[PDB]
Amino acid sequence: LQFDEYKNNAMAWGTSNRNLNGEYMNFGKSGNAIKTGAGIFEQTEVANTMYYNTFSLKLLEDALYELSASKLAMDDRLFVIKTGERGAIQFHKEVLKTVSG
Amino acid sequence: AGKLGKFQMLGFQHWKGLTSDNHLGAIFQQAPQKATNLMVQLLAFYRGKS
Amino acid sequence: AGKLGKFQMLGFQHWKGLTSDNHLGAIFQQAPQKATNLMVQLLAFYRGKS
Amino acid sequence: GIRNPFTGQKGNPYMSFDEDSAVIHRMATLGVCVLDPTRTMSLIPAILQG
Amino acid sequence: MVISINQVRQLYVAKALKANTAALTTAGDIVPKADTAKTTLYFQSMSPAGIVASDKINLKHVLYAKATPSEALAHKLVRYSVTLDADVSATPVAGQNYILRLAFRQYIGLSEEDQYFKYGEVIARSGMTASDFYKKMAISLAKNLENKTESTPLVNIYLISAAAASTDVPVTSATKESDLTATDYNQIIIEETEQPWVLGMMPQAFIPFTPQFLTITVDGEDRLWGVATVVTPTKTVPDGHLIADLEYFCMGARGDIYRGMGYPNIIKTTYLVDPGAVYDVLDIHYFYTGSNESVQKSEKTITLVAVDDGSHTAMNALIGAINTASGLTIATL
Amino acid sequence: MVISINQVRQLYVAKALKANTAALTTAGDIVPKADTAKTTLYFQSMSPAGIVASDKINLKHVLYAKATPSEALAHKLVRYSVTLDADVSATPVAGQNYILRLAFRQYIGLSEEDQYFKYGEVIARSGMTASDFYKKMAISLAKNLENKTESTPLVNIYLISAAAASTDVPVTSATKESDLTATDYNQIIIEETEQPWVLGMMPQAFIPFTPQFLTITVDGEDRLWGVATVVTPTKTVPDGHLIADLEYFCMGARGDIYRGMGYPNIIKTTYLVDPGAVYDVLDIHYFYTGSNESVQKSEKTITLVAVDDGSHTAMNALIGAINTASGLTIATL
Amino acid sequence: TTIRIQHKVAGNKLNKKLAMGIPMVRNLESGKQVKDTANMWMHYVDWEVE
Amino acid sequence: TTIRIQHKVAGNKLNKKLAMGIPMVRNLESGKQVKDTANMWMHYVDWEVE
Amino acid sequence: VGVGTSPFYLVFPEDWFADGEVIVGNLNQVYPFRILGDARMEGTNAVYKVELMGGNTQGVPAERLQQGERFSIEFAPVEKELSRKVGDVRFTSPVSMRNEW
Amino acid sequence: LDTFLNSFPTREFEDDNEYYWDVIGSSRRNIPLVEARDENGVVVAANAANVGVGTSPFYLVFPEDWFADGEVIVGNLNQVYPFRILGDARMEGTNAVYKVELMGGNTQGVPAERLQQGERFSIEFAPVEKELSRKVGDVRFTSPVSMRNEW
Ligand SMILES: [Mg+2]
C-alpha cells in the first residue's frame, strides 16, 4: 500500500531537480545524482496558468475567448472545466450575477 | 597514440573496473531515443488561405 | 520566440533567398556519410595467443 | 538472517547477516510525459502559488 | 542562427592588430595586407591552428565599406506605462473587477498567430486610492508573469513612485504588500525581457506584447478602464549574442558545414568571439568581374569584428590601418 | 578521456573563492560550507545556470584528502642523446653507411604490437669530422621525420654545440646546413613531442621511442656505430589538457551522460576549465555507511581544481578555507 | 498589375539529400509548418517559389 | 599457487543497451580488437572476466 | 533557510517519516523537503535533517516553517546507479465505545 | 488520486533513456522596424516632417534581412503608405537597411510617427514594369524545434 502511494504521488506531484546547464542538484547516498522528473501537475502548469485572487466571469470568459479566438475554430470551443465542489458554487454565483444583470 | 590522417576525431579510450552510465556515455554508447509517434503540432487558428 | 519546456535547446530558424551548404548544415540537414563496407583493422602481427 | 517472516522460511541456506531479522527491498521506475503544456488551461487561487 | 548572404559572407575576428605577417603569434590577430600599387587587399589572420588569409579584394571592385558600432546593434526592451484613465475615473470604482490582458504575439513559434494571453486582476474596494491600486495590480501581474514556474521569461514589471519618478522598484512573485510601501505610485511599467540563447541552436529572438484593458461599468456604460503608452526604453540587450551567432554561421563558409552532425565524428572549430562582450562590425562588400565577355558580378562580403570598449578603440585602429594600406575611406565610427 | 572510479567522482572548478552563499554571482565561484559542530561538509558553487551545492561529506567518514600541484601532473618529455660510440671510433670511418633506426612503440594503435620505424642515413666521407657527421645525421633525420605532410609529428631533433652545451639548436626539414655553421657538435638530441588533443574524444597520449643503430664494418668487424643515452628532461607538457578531460568526464556524473549523441536534441553543458591554463587538484575521498545493516561503504570522491600562477595562490587559499570550516588537516602545497 | 518573383540556387543543389537531424518542414498556404519526408532539397525550394 | 579475480557492475546494467555511436569492440586473446554487434553491455563484461 | 541546497532541521512531535523520503508543507510541491538521515530523537520530538528537492535555489520562506504546518509524505526517490535503501511503512489502531441500562 | 491518474493512458517504452520528439510550429511572420533615415542619412525622429515627399528615397533599418529587391512592404497602416524597396540591403552588421519609396500615388510623403521603433512590416508583393523589367523578390524558409523528457 505504501509503495502504491509512492508511485501515484510521484506521477502527479513530481518535481524536477535539474539545472538549465543539465546538472542535477540532489545527490544520493552513493553520490550519484537523483534524477527526478516532474509529474502531471508540474509539467502542465508551465504555461496557460492564471493565479487569481477573486474569481469573476469577466476574467474566465475573457481568458477562454482570447484563447479560443486565437487557437480554435468555431465548432471547437467546448471547455470542460475540472474543479471541485466549492469551485462549482463559486462558478454558480458568477453566472448568477451575470444573468441577474 | 597519434593519428593516421590529418583528420582523426577520436583517440582510443580505455578504463578499468566499475562502469557507470557516463563510462558508456563517453564512449558514445548511450544516446536518447527518438519517439517518432510522439509529435507536437503547436495549436493556432491559421488564417492564411482565408 | 521563447521556450516551451526547460530543455528546449533549439529555436525556430529562418532565412531568405540563396541557400548555401552552410545554410543547410546549420539547420542540421547535412551530415557525413558512413562507409559501412569500409572498415580498417590496424596491421600488426599479433602474438597474444602465443 | 535465520528465518524469514516475509515468506515463512525457517532456516537459511544463504545468510545475509546473523542478526535474526528480515528486511524487504522494493524498487520501481516510472514516468509521466505531457507533450504540450499550452493545451491545458488552469486557474489557481493566489494562495496556492508561494 | 542562419542569416541571409549576398552569395557569400565570411567573418574574421580582430582580437589584435600586428601590422606585419611575422608578428602573428596568438590567435585572433589580424593584419590588413595590401601592396603599394593599391590593387589588392586581404587580411592575414592567425587562426587557432595556423596563419590564414582572406579572399583578395580587388580595390576597384568594392561596393561599400561601412562599419557599425555596438550601440546600433542592441535591441531596446520596449516599455509600457499602464495608468488609470482619469476621464473614466481618477480613483477606482468601488465595485468593479479591474482586469488587464497582456497580448503576446511571438510565443513559442515565429508567427504572429502563435499568441499567448496573461492577466492580472484587482477587485477594487471603497477607500482604495490610486496608489493602493498599483500596489495591488503590480502584485497580481507579477504572480502571473514573473512566477517561478513559467517556461520562459515574459515581461519584467516595475512600479514608479511620484517622488522618484524615474527609478524602478522591481516587483516579483515573491514580493509582498509590506515590501512596497509608498503612497505615491502613479504608473505600472511593463518591460520586455531577454529570452534564452544557445550558441548556434537557439537565436536571439523576442516576444512582443500589448497591454490590453477590459471594460468596467462606471455609470451605466462599459468603459475601457485604462491607457497604455509606449515609454522610451531604458534597457538594451547587448551585442554579444548576435555576433557569436554571426561568427558561428560565417565560420562554416571557410570550414565544415556540419557543425556537430553525427557525434563521434566532428571537426571542432574553435571560435574566438566572446558572447559576453560587445563588438564593432565592419563590412567590406565587394565582387569579382573578369576582363572578358563574362562581365557579370559575383558579390562577396568580408566581415571584421573587433571588441568595443565604449570609445571604439580597437575598431578605429583597425579601420585606420585599412585606410593607409588600401586607400579606402572607411568612416571612423 | 575515460578514467577509472572507485565509485562516483564529482569535480568542481574553483575559479573564485567566496565567504558566503550570497556572494556567489559568477560561473566558477565556490564556497566551502560546514557546521559549527564540523559534522558535515559540502561545497556550494555557482553553476553556469544558478547556485548548486555538492554532496554532503560526513567529516567522520573521510578516507584521505590530498592536494596535487601542477608540476606533479606535467608530463616530462623524454630526451635521447645520440652520439658516436668512442670505443668503435670517435671519428666517422670513411666510406661506411651510418644508418639509425628510431623504433616507435605505441604508434597509432594502443599496444606495443603497433610499431613504426623512421630511418636516417649518412655515408661518411674522407675528411668528415664528428661535428660534420652530426650535422648531416640530423639533417637526414629531420628530412624523414619532420616532413610537413606527415600525419602526426613524432620526435624533435636538436643539435648541441659543444661551446654552448645547454642551448638546443633546432633542426627541421626546412633547415639547410648553411644555417648550421658551428664546428663543434657533440651530440644529437632526439626528443618526443606532444600529440594532438580533442576534449573527450582524443585523450593526451604519447608515442615513445628508442634510437637503434645498424652495424658498420670498422676494421673487418661489424660494430654498431653509436650509443643512445637518455638525458634529463628539460620540457614539460602542461596540465591543462588533462584537467579539461577530467572535467568532461566528471560532468556526466552531475549532468548529462548523453553528450552530443542525437546532435541538435541534446543538453549542452558549459565547462569552466580553460584548457590552456594549469590547475591544481584536490581529492577529498570519503564514504557513506547506512544505519543498521547497510554497513557497506559507498566510497566516493569530490574533486576541486583551482588555477594557479607559479606559486599556488588559489589552491592554498581554497585549502585554508576548507581547513577552517571542516576542521581537517589538508596539507598546503 | 504585373508582378515578379525570383530565387537563385547553386548548382551543388541538383541532387542534395537532407540528413534530417531535425525534420524538414514545409510552409503551408494556411501558415502551418507541416512535417515532410522527401529528402531532396529542391522539393522544398519548388514548394516555396510557388 | 592459488589466484582470484573480481569485478563489480552496477545493478542497472542488467539489460543496458549500447547505442553504437562508434562500433563496440571486443578484446581477443591474440591482442586484437574485433568489432561486435551484440547490443548488451553484459556481453562485453562476461568476455573480459573470462 | 534552504539557500543553495543547504541542510536544515525539521522538528516533528513524532517519528512518522523515513530516511530518503520527500515530505511537503502546506504549499505541497512548491517546496519539497528530502529527509537526509534518520530521525534523531529529542524526547517525543524527532528532528529531521532536511534539504530541499526540485530546482530550489532560492530556499524555503520562514513563514512556511512555523508551528502548525501540516506535513505529509510523498515518495522516496533514489538514484539510477548503486541505490541504497529508503522509506518505511505505517500502522494504525481502532477505538471502542460502551453503553448502559 | 488513482481515479484521476486512470484517466490518462499508458505509453510503453523499451528502456530508461531520455526521449525526445518534434515540436512543429508556424511560419507567417512580420519584421519590426529599428529606425528610419531620410536620403541624406538623418534618423527620422517622431517630431520630424514627412519623409517620402515626391517619391523621394529614404531608408528603413530592420533587425534582419528578410526582404528582397523590388517588394512592396507595408507598415502598421497597410496599403495606406506602401513602401517599394529599391535595391538589395546594405548589411550594417546584423541590420539590413533598405532604400525604399512610396507607391500608391503618394505625393506628400509618410508621417514621421509611422516610422518608429516597433513598427511592424510585412510583405505585400513585388510589382514590376512592363518593358525591360529586371528580377525582384525572393523566397524564404523555416525550421522546427524539439523537446525532451526523462524518468
Ligand atoms: Mg498549462
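Over 32 Å between Cα atoms: which of C:6/F:18; A:35/E:15; E:15/G:32; B:3/F:135; B:3/F:136 fall into that group? List each step's numbers first, then the result.
Values: C:6/F:18 29 Å; A:35/E:15 42 Å; E:15/G:32 44 Å; B:3/F:135 30 Å; B:3/F:136 29 Å.
Beyond 32 Å: A:35/E:15; E:15/G:32.
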1/(1 + (r/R0)^6) with r = Cβ-Cβ of residue D:25 and residue H:25, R0 = 25 Å, i.e. FRET efficiency to nearest 0.05, evaluates to 0.10
Contact order relative to length for chain A, counting C-alpha pairs under 8 Å separated by 6 or more residues, stands in percent at 21 percent
Among rounded, prolate and oblate, which fits chain H when a ≥ b ≥ c are the square roots of the eigenvalues of its C-alpha gyration tensor, a/c under 1.5 means rounded, and a/b larger than b/c means prolate?
oblate
Say each of residue I:41 and residue F:90 gets a label point 7 Å from the Cα, pointing the same way as Cα to Cβ; how far apart are those two points in nm?
9.1 nm
In degrees, nearest 10, range 0 to 90: what is the angle between the Cα axis of helix F:130-145 and the longest Cα principal axis of chain F?
50 degrees
Round to a whole angstrom and tell me the spacing of the C-alpha centers of chain C and the range F:136-201.
39 Å
Along the charge dipole of chain H, Cβ charges K/R +1 and D/E -1, which of H:37, H:23, H:11 sits furthest on the positive end?
H:11
Along the range B:5-10, Karplus-curve 3J(HN,Hα) (6.51, -1.76, 1.60; θ = phi - 60°) to the nearest Hz, with x for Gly and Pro, reads x, 5, 10, 10, 6, 9
Before rounding to the nearest 500, sum -39500 (n - 2.57) across all DSSP H runs of length at least 4 in chain F and divide by the residue total; then give [θ] at 222 nm in deg cm²/dmol.
-4000 deg cm²/dmol
Counted charge near residue H:21, where neighbours are those whose Cβ lies closer than 14 Å (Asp, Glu -1; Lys, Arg +1)
+4
For residue F:82, other-chain or 5+-apart residues with amide H closer than 5 Å (H placed, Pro excluded) are F:188, F:189, F:190
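If you count, for each residue, the other Cβ atoms within 10 Å and average over each peptide, how do F:27-38, D:2-13 line up from highest to lowest? Mind showing how you got there, number by number?
On the way: F:27-38: 16.9, D:2-13: 10.2.
Packing proxy ranking, top to bottom: F:27-38, D:2-13.
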So what is the calculated 222 nm ellipticity per residue for chain C, using -39500 (n - 2.57) for each DSSP H run with n of 4 or more, over all residues, to the nearest 500 deg cm²/dmol?
-2500 deg cm²/dmol
Taking the Cα atoms only, what angle lies between the long axis of helix F:240-250 and the longest principal axis of chain F, rounded to 10 degrees?
40 degrees
Say each of residue F:148 and residue E:210 gets a label point 7 Å from the Cα, pointing the same way as Cα to Cβ; how far apart are those two points in nm?
6.4 nm
In whole Hz, with x marking every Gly and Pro, tabulate ³J(HN,Hα) for the range I:56-68 from phi via Karplus 6.51 cos²θ - 1.76 cosθ + 1.60, θ = phi - 60°.
8, 7, 6, x, 10, x, 6, 8, 9, 9, 9, 4, x
Where the centre of each part is set by its Cα atoms, how far does the range A:1-40 sit from the range I:22-101, in angstrom?
16 Å
Mind checking the angle between helix A:85-100 and chain A's longest principal axis? C-alpha axes, 0 to 90 degrees, to the nearest 10.
30 degrees
For residue F:165, which inter-copy label distances result when the label point lies 7 Å beyond Cα on the Cα-to-Cβ vector, reported in nm to one decimal and in ascending order?
8.6
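Roughly how crowded by other chains is peptide H:17-29, in terms of the mean Cβ count from those chains within 10 Å of each of its Cβ atoms?
Details: counts 8, 6, 13, 3, 14, 8, 4, 4, 1, 0, 1, 3, 4.
Across the residues of H:17-29, the mean count of other-chain Cβ atoms within 10 Å is 5.
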Note the distances from residue F:60 to each other copy's matching label point, with points 7 Å along the Cα-to-beta-carbon direction, in nm, sorted shortest first.
8.9
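What's the longest piece of chain E with no exposed GluC sites (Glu not before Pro), counting a site as exposed if DSSP puts it in a loop and it has at most 10 other beta carbons within 10 Å?
By the stated rule (loop sites, at most 10 other Cβ atoms within 10 Å), E:1-176.
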Amide H to amide H under 5 Å from residue J:149: which residues, 5+ apart in sequence or cross-chain, H placed 1.01 Å off N in plane?
J:19
Net +/- balance of residues flanking residue F:88 in space, Cβ distance below 11 Å, scoring K and R +1, D and E -1
-4
Distant-in-sequence amide H partners of residue J:38 (H built 1.01 Å from N, under 5 Å)
J:44, J:59
Which one of J:57, J:127, J:32 has the biggest mean-square fluctuation once chain J is modelled by GNM with Cα springs under 10 Å?
J:127
Please state the charge dipole magnitude for the range E:82-132, taken about the Cα centre, from unit charges on C-beta atoms (+1 on K and R, -1 on D and E), reported in debye and rounded to the nearest 20.
160 debye
Summing +1 per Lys or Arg and -1 per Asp or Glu among the other residues with Cβ less than 9 Å from residue E:333's Cβ gives 0
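Averaged over its residues, how many other protein chain Cβ atoms are within 10 Å of peptide J:113-119's Cβ atoms?
Values: counts 0, 0, 0, 1, 6, 5, 0.
Per residue, the average neighbour count from other chains is 2.
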In sequence order, calculated HN-Hα J values of the range F:252-259 (Karplus, 6.51, -1.76, 1.60; Hz; x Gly/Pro)
x, 7, 7, x, 9, 7, 6, 9
Excluding residues fewer than 8 places away in the same chain, name every one of the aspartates and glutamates whose C-alpha is closer than 14 Å to that of residue F:143.
F:121, F:177
Ranked highest first by the average count of other Cβ atoms within 10 Å around their residues, in what order do F:232-238, J:129-135, F:275-281 fall?
F:275-281, F:232-238, J:129-135
Where a Cα-Cα gap under 19 Å defines reach, which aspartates and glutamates qualify for residue G:35, not counting those fewer than 8 residues away within the same chain?
D:36, E:113, E:114, G:46, G:48, G:50, J:22
Given label points at 7 Å from Cα along Cα→Cβ, what nm distances, shortest first, separate residue C:46 from the same residue in every other copy?
5.6
Please average, across the residues of I:69-75, the number of beta carbons from any other chain that are within 10 Å of each residue's own beta carbon, and give a whole number.
4
Those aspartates and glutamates that a straight Cα-Cα span of less than 12 Å connects to residue I:49, excepting residues fewer than 8 apart in one chain
I:19, I:21, I:38
Among E:15, E:268, E:56, determine the one that fluctuates most according to a GNM of chain E built with springs between C-alpha atoms less than 10 Å apart.
E:268
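So which chymotrypsin sites (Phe, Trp or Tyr not before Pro) in chain B are both in a DSSP loop and have at most 11 other Cβ atoms within 10 Å of their Cβ?
Numbers: sites: B:7, B:12, B:15, B:28, B:45, B:46; in loops: B:7, B:12, B:15, B:28, B:45, B:46.
In loop regions of chain B (DSSP not H, G, I, E or B), the sparsely surrounded chymotrypsin sites (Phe, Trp or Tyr not before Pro) are B:7.
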From the helices alone, meaning DSSP H stretches of at least four residues, give me the mean residue ellipticity at 222 nm for chain A, per-run term -39500 (n - 2.57), in deg cm²/dmol to the nearest 500.
-14500 deg cm²/dmol
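Quick note: the coordinates plus some simple rules give every number you see, no bench work behind them. Here the Cβ is made from the backbone with ideal geometry for all residues, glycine too, and neighbour counts use every protein chain on show.
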